[PDB]
Protein chains: 4
Amino acid sequence: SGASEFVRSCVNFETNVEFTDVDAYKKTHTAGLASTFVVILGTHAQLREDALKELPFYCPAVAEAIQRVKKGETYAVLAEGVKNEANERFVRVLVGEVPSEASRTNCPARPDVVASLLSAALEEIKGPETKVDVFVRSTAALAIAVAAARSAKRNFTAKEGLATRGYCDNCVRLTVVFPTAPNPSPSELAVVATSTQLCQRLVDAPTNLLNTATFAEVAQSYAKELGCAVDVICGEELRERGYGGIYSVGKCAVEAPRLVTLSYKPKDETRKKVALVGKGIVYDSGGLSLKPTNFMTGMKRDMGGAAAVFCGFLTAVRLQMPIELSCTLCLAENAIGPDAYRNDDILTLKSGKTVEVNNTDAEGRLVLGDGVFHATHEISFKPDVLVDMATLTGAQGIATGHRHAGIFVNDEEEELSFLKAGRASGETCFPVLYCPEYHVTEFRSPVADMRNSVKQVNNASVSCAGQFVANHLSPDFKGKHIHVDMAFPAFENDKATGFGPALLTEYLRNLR
Amino acid sequence: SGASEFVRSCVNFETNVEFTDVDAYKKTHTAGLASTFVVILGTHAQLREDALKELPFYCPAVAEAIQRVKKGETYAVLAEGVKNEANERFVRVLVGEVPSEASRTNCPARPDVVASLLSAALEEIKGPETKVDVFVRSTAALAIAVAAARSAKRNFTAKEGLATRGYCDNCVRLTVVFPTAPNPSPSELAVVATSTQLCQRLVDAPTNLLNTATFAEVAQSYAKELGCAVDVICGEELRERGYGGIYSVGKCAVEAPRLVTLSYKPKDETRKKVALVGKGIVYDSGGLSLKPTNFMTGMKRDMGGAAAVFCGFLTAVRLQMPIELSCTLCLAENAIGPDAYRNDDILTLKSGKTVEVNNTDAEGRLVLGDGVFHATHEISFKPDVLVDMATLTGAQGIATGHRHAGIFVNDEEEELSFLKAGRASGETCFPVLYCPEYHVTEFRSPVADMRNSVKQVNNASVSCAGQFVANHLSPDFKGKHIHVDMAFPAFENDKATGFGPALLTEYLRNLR
Amino acid sequence: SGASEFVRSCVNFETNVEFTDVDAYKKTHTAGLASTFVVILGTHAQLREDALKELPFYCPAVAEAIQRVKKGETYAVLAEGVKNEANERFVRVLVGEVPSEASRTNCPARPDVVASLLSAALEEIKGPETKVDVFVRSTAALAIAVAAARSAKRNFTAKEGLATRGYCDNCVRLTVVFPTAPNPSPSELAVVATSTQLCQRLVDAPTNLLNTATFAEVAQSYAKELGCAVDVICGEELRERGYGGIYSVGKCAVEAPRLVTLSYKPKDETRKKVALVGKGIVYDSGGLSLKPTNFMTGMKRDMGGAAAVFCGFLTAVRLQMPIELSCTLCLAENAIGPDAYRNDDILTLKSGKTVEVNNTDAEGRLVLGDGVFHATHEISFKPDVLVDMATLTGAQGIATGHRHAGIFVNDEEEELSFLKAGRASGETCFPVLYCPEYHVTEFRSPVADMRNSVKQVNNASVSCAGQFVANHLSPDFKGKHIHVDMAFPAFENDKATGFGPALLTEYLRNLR
Amino acid sequence: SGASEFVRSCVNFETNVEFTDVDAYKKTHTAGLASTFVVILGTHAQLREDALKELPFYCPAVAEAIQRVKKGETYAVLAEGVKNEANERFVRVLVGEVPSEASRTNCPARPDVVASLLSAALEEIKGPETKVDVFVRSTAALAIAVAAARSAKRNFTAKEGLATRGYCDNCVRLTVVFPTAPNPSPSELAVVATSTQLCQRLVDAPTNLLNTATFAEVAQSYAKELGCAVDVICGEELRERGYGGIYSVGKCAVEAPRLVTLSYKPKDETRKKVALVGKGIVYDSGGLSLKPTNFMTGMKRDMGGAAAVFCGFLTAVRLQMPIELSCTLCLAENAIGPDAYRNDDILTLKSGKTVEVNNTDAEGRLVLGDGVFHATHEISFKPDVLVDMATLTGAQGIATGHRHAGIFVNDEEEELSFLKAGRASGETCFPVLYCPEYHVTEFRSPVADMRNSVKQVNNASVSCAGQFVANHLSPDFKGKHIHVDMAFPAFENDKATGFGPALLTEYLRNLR
């Protein structure tokens with residue numbers, strides 16, 4: 001009933017962020033400013049432009065704020081003599097200075113800071129459904145929209161009885177104002193913002209609300225709404241049909257494991273054919289290889305990859321992108337108990353390859369193994385590109401850091417393409433070593449085709465986990481393979497960031 | 001059947017210790033000494049008094065023992081020419097010297113040493129139901145009675161087939177002889193000794209004998225005997241009635257969790273109204289936050305708080321104290337398995353506050369949370385004082401040591417009062433920091449009202465665990481709150497001490 | 001070279017904080033406000049008082065700030081139309097709301113929040129020697145002065161070439177304005193603030209600047225300035241004169257250990273006689289019991305106790321308090337190397353008692369042992385009270401938390417008195433268990449009078465370390481003994497707080 | 001004594017490998033085969049070519065070996081009827097099959113397998129100076145030469161009295177035979193092989209032979225031989241001239257730290273100007289941040305970076321490459337003792353920036369910091385490119401694995417160029433994240449310009465160590481910066497690989 005209230009919240013989810021521009025704002029709001037809380041974000045150079053002097057909140061207090069504000073920080077004032085709909089004497093104005101410096105591996109618009117400046121600014125807002133206008137000087141529309149959405153306080157929350165108000169603190173109604181009409185359009189940015197926030201909510205929902213059944217149910221309802229095909233292979237049907245990876249990982253849990261596959265065939269021409277596969281570990285105990293407490297917190301987030309691909313798919317269908325798409329969610333709970341798969345058991349994955357389990361907490365790659373094979377051999381079409389997303393390795397952070405998802409890719413060109421998409425979306429990635437000839441030796445088994453956990457921990461371990469998944473691709477698959485490890489990018493300041501869908505959306509938007 | 005034999009043992013439990021005085025001993029036993037094993041305990045000054053020279057076991061051997069015995073130690077002799085009922089040539093006499101030094105935070109009669117000297121003396125006794133007379137020179141009746149009771153070999157034991165003789169080695173029948181008629185009276189000391197020993201037996205019973213059902217059953221039978229009301233909220237009834245703390249902690253176990261509440265309304269005037277709440281974790285695995293083996297031994301003792309309050313209650317009813325009393329036992333097993341509450345799950349306690357679990361082994365405070373709210377909002381009366389007892393923190397030892405229970409108290413005066421009661425009973429306490437404004441910040445949650453385990457371990461962690469419990473008190477409760485952490489005082493030399501009931505008894509006896 | 005520049009900085013240290021009141025501010029600054037950056041701190045009730053409306057920075061913007069500001073937080077505005085000396089259009093005004101809630105163990109004026117609000121407010125100030133006025137509504141002068149001083153950015157720092165400008169960033173000149181003439185007076189608060197900041201600087205100085213020689217040298221120069229007697233027992237003189245604790249702990253280091261004793265006899269006659277002893281471990285490697293890296297960072301702060309007592313002394317002499325005072329600094333570096341005292345070596349302390357070392361990282365209590373004996377047996381007078389201060393135990397935090405120094409005290413009345421002094425100064429304390437009879441057994445040695453490290457870690461270990469020190473008091477000392485463990489209170493947000501001197505000052509000021 | 005014998009061995013070092021081709025072999029050795037031990041290495045396709053049938057060891061036994069041999073493995077036969085100089089009945093022939101599969105990040109000629117096949121083949125050779133001919137089918141001359149050199153048993157060794165025969169087991173004289181005249185030439189490959197082996201020997205020499213003095217002495221003697229300028233800044237001269245990083249790291253050791261700089265100006269004019277800087281930690285104890293035993297073994301290899309750049313330089317000078325070159329060896333021992341730099345000390349590097357040490361075992365970046373600044377500000381010319389090489393992070397392995405050195409590079413084009421050079425040399429690299437904006441925040445200090453060890457371990461830690469070094473580049477340096485982390489590539493099967501010099505050689509050879 002808390003579950004079914006959280007399901008209804010996901011199924012009907014709309015965003016609290018709208019997009020417009022300065023001139024449209026001027027034509028529409030002829031009754032002065034339409035809010036009494038205003039955030040103005042730009043670089044030092046952008047904030048010093050004459051154009052700012054004509055904006056409806058500009059006044060001498062705001063000009064002083066611009067002169068005094070330091071890089072990376074906000075400077076708040078009360079602006080007087082700025083007419084407004086509420087007829088307040090004062091308007092609250094925050095000015096935030098964004099750094100201009102950006103490395104070649106980073107988004108030039110620095111949405112990392114935009115997000116955190118906005119986030120800090122919005123902590124002053126309590127009341128329900130308060131109008132806030134964010135005037136931005138960057139024209140990197142997509143990156144900005146993501147940053148705004150993930151910062152708009154639509155997070156999962158069960159504080160102060162909010163379980164009966166959609167597990168959401170509805171404190172902010174946000175309007176982002178670009179300098180000029182944005183590309184992409186306002187309504188596309190809204191669909192993107194909606195996906196980012198839904199992903200954010202799915203990731204931080206506790207497992208007692210989001211389990212394999214409830215997640216499957218969300219996908220099914222969205223499937224009906226969007227006019228998409230959907231297929232669920234549940235529980236014993238997985239064992240009987242040979243899906244020994246995902247089945248064995250999930251069979252101990254109270255809610256059965258499931259492979260959930262959604263399909264979209266566009267009405268217009270198909271420019272490409274793409275398969276998405278996502279690690280949907282709704283909770284990770286570690287299994288018989290039990291994690292210590294300090295590593296087991298935040299493991300409700302082990303379904304981050306499935307949320308990312310689910311929300312990427314949802315975006316692409318709503319934007320009616322000209323790409324044939326499958327989306328496979330690999331849903332399981334990694335529980336501990338008498339029927340838990342063991343360290344030494346030998347599983348037969350759907351690939352037909354045998355796996356000796358030497359670590360029950362290298363489970364995500366088992367479910368992805370079955371997912372990727374399903375995507376390359378069991379569905380209605382042959383994808384040119386396969387993207388698998390997972391929040392899998394604590395070594396991901398060590399390798400590529402908190403803000404760059406590690407990517408293991410079998411084609412230089414598609415890798416570059418995927419990196420460009422991260423830089424444009426602000427959901428940035430960095431490559432890990434692609435070198436299968438070295439990685440495969442880490443999984444040598446004396447009794448099965450392979451083990452699931454590396455012999456040496458100190459040997460390109462993010463890459464190895466990608467290689468394990470690659471080992472279960474259909475032998476006839478000759479297409480491009482992108483493996484994303486997004487363990488740390490999926491959360492910031494101990495809250496989900498909604499990372500993944502906008503990355504995908506940008507990558508897919510630019511396929512030809 | 002071993003269970004039901006242990007239940008019958010608890011339900012009919014009588015003590016093996018009786019109390020009298022020197023002059024009553026002289027009038028009654030006109031056939032010489034009534035035993036052939038005699039222990040004489042006092043300080044250096046007490047033992048050198050002329051009065052000793054008139055005692056029925058005094059003789060030249062005993063006088064030499066007194067001259068030679070060292071502080072903290074016993075000195076054993078065979079006394080000749082001391083007539084006795086058994087007509088033995090010799091009488092075994094042990095003389096034990098108690099230190100006189102006692103700090104302001106300690107019981108001046110030093111029952112710590114009395115206990116350990118007596119304990120050592122009674123190791124020479126094997127045979128069944130052997131009469132032993134302990135002549136004590138201290139007049140601190142209550143403290144002495146406790147020390148005697150906990151040292152009288154009525155411990156739980158399953159050695160050498162003793163499962164079929166009440167899980168008890170019935171080797172000693174003990175008579176304590178004070179210098180003068182004691183205050184309180186012999187029969188009150190017996191009731192106290194009975195409570196101490198029953199508590200001792202409950203604590204060291206293994207969980208395969210004492211689980212949530214069997215403990216509940218003991219309470220129910222005592223309820224019928226004493227003419228007290230009793231109420232049990234069991235298993236699914238806890239989930240359905242919103243007791244999400246205690247339910248979630250216990251639901252994985254084979255025996256269901258239970259809230260067991262006993263009530264006593266005195267026949268005569270009510271001087272005060274007091275609620276007792278006790279942590280009844282019959283076994284602690286740690287749950288998904290599994291303890292290492294060396295920390296998981298002695299975790300049958302995690303119900304020590306429930307035993308303490310149950311036995312305190314039982315004493316107060318049998319002494320017909322003029323206080324209206326409730327006693328709430330928070331009974332659960334913290335098991336590991338598929339339906340175990342998770343690190344990241346969000347529980348709704350009966351308080352209505354949401355708790356994000358970041359450590360499944362900070363479970364006692366969850367069950368106490370529901371207990372204290374039940375006691376402050378769901379029962380027939382409004383208590384002036386609430387005492388919650390738990391064996392909860394390994395940090396308790398670090399803070400206040402092995403012999404002083406840590407107390408977290410919201411009122412200086414009641415704290416002092418409670419400390420005086422510990423010093424008189426010899427079940428000593430010491431305060432921990434009371435400072436809610438600092439403790440509450442340790443439980444900040446990004447998704448719920450609070451977490452259950454501290455962010456920083458190094459920040460008054462015994463106090464913090466007390467504060468967590470305080471957070472779930474009914475908002476209308478304006479009364480005094482005493483939180484006792486008795487982890488280490490509950491056992492000594494790897495055996496239960498029966499700590500708690502006499503502390504309570506003394507505190508309650510002195511309320512006005 | 002950098003060392004003698006840091007010595008000159010300490011020797012000539014003046015504070016950047018001045019104190020006054022509203023009416024004296026009004027008579028003096030008749031050109032309006034004397035700064036253009038203003039902080040106003042008070043409680044919700046204090047900030048809503050009519051009196052505020054007449055202060056020289058009050059205006060409608062500021063009134064709105066007061067209505068909107070949240071508890072524990074600051075709210076910044078630009079105030080227009082406010083008379084000021086610079087005649088700026090705007091004055092920067094920050095309003096900070098202090099909580100009114102304070103436990104019985106806490107300072108009612110909540111300087112903890114005052115400090116952190118001020119600290120946050122002062123992060124906007126970069127330029128040199130910028131005038132800032134802090135109007136406070138609390139009349140708890142002493143607490144406020146400390147909070148202000150420690151928050152005024154006079155910290156030790158070697159950033160950006162500041163080694164040649166006294167290791168100090170001179171960015172703020174601070175004026176604190178009370179509602180009425182403060183008690184104590186402005187010039188007394190300035191001396192106190194000077195002491196707090198000097199202590200703060202000594203504690204966070206690195207050991208390559210503050211070693212045993214340089215610290216000794218500071219004390220000697222201050223001694224000459226203040227007209228105080230001073231005595232140094234250095235290196236081999238310590239071994240030869242029997243100071244085997246402090247000598248053995250320090251003898252491996254490059255700079256020799258030293259006992260530095262300062263004396264002050266007042267001009268007025270006084271009955272009151274007090275000895276201060278401080279743990280001066282300029283760096284703690286752990287010795288042969290080497291600390292891991294994550295515990296060894298911040299161990300330049302192991303001289304916190306010596307800084308505290310040195311600065312308490314300096315305050316008391318500058319205020320010409322009517323108390324005869326000695327101050328003994330126990331200076332050593334705990335280094336690792338061939339001549340490092342060993343785990344198993346047997347030392348002969350000055351007390352004449354032998355100590356078997358079973359942990360080289362329980363070193364502070366060794367140097368304090370020699371310090372306290374020196375203070376109770378080797379100096380010109382017999383103190384009524386001995387206070388020893390040390391930053392010693394990581395268990396201190398576990399016991400009494402980050403903000404309350406643990407106190408081990410042999411006299412209930414003096415303990416209460418010392419607690420009252422912590423509450424008034426805002427440098428709060430809380431008692432630990434005083435029970436020597438239990439503590440002494442933790443130091444049983446089979447080959448010497450005692451060990452130095454507890455057998456059991458989980459047995460009132462802060463108390464035990466206090467007891468060890470007590471064991472080396474002169475046998476003829478019958479006076480009051482206060483042992484302060486200030487490990488965690490000495491730092492906050494990874495910067496020194498200057499904790500200790502004001503506590504002492506307040507305790508000493510109120511000796512009757 | 002053993003030291004000066006190891007110095008003489010390094011100074012006069014000649015290789016045991018010679019290079020030729022099939023046709024030149026045929027014209028020269030007209031008495032048939034010039035050895036009686038023959039290794040033939042190629043791929044499945046290469047080994048089945050008709051050309052093999054005409055080689056002087058071909059016979060029906062060898063043909064069967066080719067048909068039966070498995071990939072990655074060797075297959076040995078005794079070949080009969082093969083013309084040879086010794087006129088033996090049989091010639092020992094080993095056929096090794098190399099895989100053809102190579103990823104885009106790997107050397108296509110797979111010298112990794114060539115090396116290990118050759119290595120296995122050469123384990124049969126014991127006798128002194130035994131002639132072995134290796135016929136290879138790959139034309140990747142440079143890669144092959146390296147593989148051969150590092151596999152030719154010229155390793156450091158002190159077994160069986162070999163301390164008096166140059167710490168070298170002279171068991172093999174090796175002749176590598178390509179299909180056609182190789183590019184580069186035989187005599188260039190010999191110089192390269194000489195460098196690889198010398199590097200291999202320097203890396204696995206124990207510190208009791210190779211310390212900072214002895215390494216400095218080798219460099220000086222080579223300097224004289226080659227006609228190169230050389231400069232040494234030794235011990236106290238480093239402190240006095242402001243080199244606080246390298247000085248502080250090394251000052252505890254018995255042999256003083258040294259900055260050793262060699263220069264080469266070519267005879268031909270050249271625009272290209274390159275600086276090499278190498279981490280020369282001759283032994284790493286960890287300092288006060290002491291390593292456990294299992295991490296401290298192989299720490300004689302912490303000078304791997306200095307050996308690499310020293311040997312790269314030596315190659316480039318002997319080949320008279322048209323590049324102006326400096327080579328700075330940052331020589332120190334990281335010892336433990338009383339004058340060991342501390343965790344909390346604040347160092348002033350030559351850059352003029354202050355460093356708060358929060359880990360004494362992040363020492364290599366301190367010495368490199370002074371090295372890189374010296375190279376960019378204190379030498380006779382302004383390099384266009386700076387390459388710093390170090391064996392620094394155990395995280396390097398986690399990130400980029402055992403065979404790919406991690407590279408942190410400030411210019412995408414130069415990175416690609418450096419990667420191409422690793423693929424051609426077979427000393428392969430892979431990029432780590434370049435994103436200074438994220439890395440610099442990991443080194444925030446409250447008392448100095450920066451810390452030296454990351455706050456978070458799980459945040460692109462190889463990259464962060466690179467960034468630290470970058471922070472101490474001269475502010476006027478606008479050139480390209482390549483930071484190489486070669487911790488694991490420097491050793492294989494617990495023996496030094498000689499990694500680095502050939503990578504450099506190839507990169508330098510191809511500068512445009």
# chains A, B, ... in the order shown; residues from 1 in each chain; ligands from 1
call {"tool": "interface_residues", "arguments": {"of": "chain C", "to": "chain B", "cutoff": "6 Å", "atoms": "only C-alpha atoms", "output": "PyMOL selection string"}}
result
chain C and resi 103+397-402+435+458-461
call {"tool": "write_last_selection", "arguments": {"atoms": "N, CA and C atoms", "output": "mmCIF file, in the first residue's frame"}}
result
data_model
loop_
_atom_site.group_PDB
_atom_site.id
_atom_site.type_symbol
_atom_site.label_atom_id
_atom_site.label_comp_id
_atom_site.auth_asym_id
_atom_site.auth_seq_id
_atom_site.Cartn_x
_atom_site.Cartn_y
_atom_site.Cartn_z
ATOM 1 N N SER C 103 20.678 22.110 26.704
ATOM 2 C CA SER C 103 20.644 21.154 27.794
ATOM 3 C C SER C 103 21.376 21.669 29.024
ATOM 4 N N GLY C 397 36.280 10.633 22.767
ATOM 5 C CA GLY C 397 35.202 10.984 21.855
ATOM 6 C C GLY C 397 34.048 10.035 22.027
ATOM 7 N N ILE C 398 34.379 8.753 22.103
ATOM 8 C CA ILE C 398 33.375 7.702 22.260
ATOM 9 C C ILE C 398 32.558 7.918 23.536
ATOM 10 N N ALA C 399 33.250 8.369 24.571
ATOM 11 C CA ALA C 399 32.671 8.534 25.915
ATOM 12 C C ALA C 399 31.814 9.792 26.053
ATOM 13 N N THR C 400 32.465 10.937 25.840
ATOM 14 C CA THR C 400 31.861 12.261 26.054
ATOM 15 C C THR C 400 31.691 13.147 24.795
ATOM 16 N N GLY C 401 32.022 12.627 23.622
ATOM 17 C CA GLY C 401 31.714 13.316 22.371
ATOM 18 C C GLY C 401 32.719 14.379 21.963
ATOM 19 N N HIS C 402 32.391 15.053 20.873
ATOM 20 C CA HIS C 402 33.281 16.040 20.240
ATOM 21 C C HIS C 402 33.412 17.370 20.955
ATOM 22 N N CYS C 435 36.379 5.992 40.068
ATOM 23 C CA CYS C 435 36.294 4.729 40.833
ATOM 24 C C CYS C 435 37.639 4.017 40.805
ATOM 25 N N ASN C 458 37.693 -2.134 26.831
ATOM 26 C CA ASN C 458 36.262 -1.856 27.054
ATOM 27 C C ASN C 458 35.879 -1.691 28.533
ATOM 28 N N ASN C 459 36.717 -0.997 29.316
ATOM 29 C CA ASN C 459 36.489 -0.872 30.767
ATOM 30 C C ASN C 459 36.845 0.509 31.329
ATOM 31 N N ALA C 460 36.102 1.525 30.878
ATOM 32 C CA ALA C 460 36.203 2.872 31.417
ATOM 33 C C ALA C 460 37.602 3.357 31.168
ATOM 34 N N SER C 461 37.989 3.388 29.906
ATOM 35 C CA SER C 461 39.385 3.586 29.553
ATOM 36 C C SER C 461 39.853 5.035 29.659
#
call {"tool": "residues_around", "arguments": {"residues": "range 52-64 of chain A", "least_positions_apart": "4", "cutoff": "8 Å", "atoms": "only C-alpha atoms", "output": "number ranges by chain"}}
result
A: 22, 32-33, 38, 47-48, 68, 77-82, 91, 93, 95; C: 78, 90
call {"tool": "select_by_dssp", "arguments": {"residues": "range 112-200 of chain A", "states": "strand (DSSP E or B)", "output": "ChimeraX atom specification"}}
result
/A:130-136,172-178
call {"tool": "atom_distance", "arguments": {"atom1": "CA of residue 467 in chain A", "atom2": "CA of residue 379 in chain A"}}
result
22.2 Å
call {"tool": "select_by_dssp", "arguments": {"residues": "range 163-252 of chain B", "states": "helix (DSSP H, G or I)", "output": "VMD selection string"}}
result
chain B and resid 163 to 164 186 to 204 212 to 226 236 to 240 244 to 250
call {"tool": "residues_around", "arguments": {"residues": "range 183-187 of chain B", "least_positions_apart": "5", "cutoff": "9 Å", "atoms": "only C-alpha atoms", "output": "list in words"}}
result
residues 18, 19, 20, 139, 140, 141, 142 and 192 of chain B
call {"tool": "residues_around", "arguments": {"residues": "range 201-214 of chain D", "least_positions_apart": "6", "cutoff": "7 Å", "atoms": "only C-alpha atoms", "output": "VMD selection string"}}
result
chain D and resid 2 to 3 6 to 7 155 to 156 255 to 258 282 to 283 300 to 301 303 to 304 307 331 to 332 495 to 496
call {"tool": "write_last_selection", "arguments": {"atoms": "C-alpha atoms", "output": "PDB file, in the first residue's frame"}}
result
ATOM      1  CA  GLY D   2      79.837  -5.590  -3.514  1.00  0.00           C
ATOM      2  CA  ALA D   3      78.485  -2.071  -4.271  1.00  0.00           C
ATOM      3  CA  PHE D   6      77.782  -3.627  -9.075  1.00  0.00           C
ATOM      4  CA  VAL D   7      78.685  -0.113 -10.143  1.00  0.00           C
ATOM      5  CA  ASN D 155      68.834 -10.275 -15.027  1.00  0.00           C
ATOM      6  CA  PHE D 156      70.380  -9.120 -11.752  1.00  0.00           C
ATOM      7  CA  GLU D 255      72.518   8.031   1.873  1.00  0.00           C
ATOM      8  CA  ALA D 256      71.532  11.604   1.170  1.00  0.00           C
ATOM      9  CA  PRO D 257      68.949  12.511  -1.466  1.00  0.00           C
ATOM     10  CA  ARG D 258      70.120  13.947  -4.759  1.00  0.00           C
ATOM     11  CA  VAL D 282      65.726   3.585  -4.211  1.00  0.00           C
ATOM     12  CA  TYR D 283      63.729   2.110  -1.350  1.00  0.00           C
ATOM     13  CA  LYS D 300      63.475  -1.661  -4.337  1.00  0.00           C
ATOM     14  CA  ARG D 301      61.531  -1.155  -7.604  1.00  0.00           C
ATOM     15  CA  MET D 303      63.220   3.769  -8.583  1.00  0.00           C
ATOM     16  CA  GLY D 304      61.749   2.254 -11.804  1.00  0.00           C
ATOM     17  CA  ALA D 307      65.875   3.885 -14.409  1.00  0.00           C
ATOM     18  CA  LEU D 331      66.881  10.199  -6.009  1.00  0.00           C
ATOM     19  CA  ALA D 332      65.835   9.517  -2.422  1.00  0.00           C
ATOM     20  CA  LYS D 495      61.196 -10.058 -12.084  1.00  0.00           C
ATOM     21  CA  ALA D 496      61.882  -6.659 -13.602  1.00  0.00           C
TER      22      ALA D 496
END
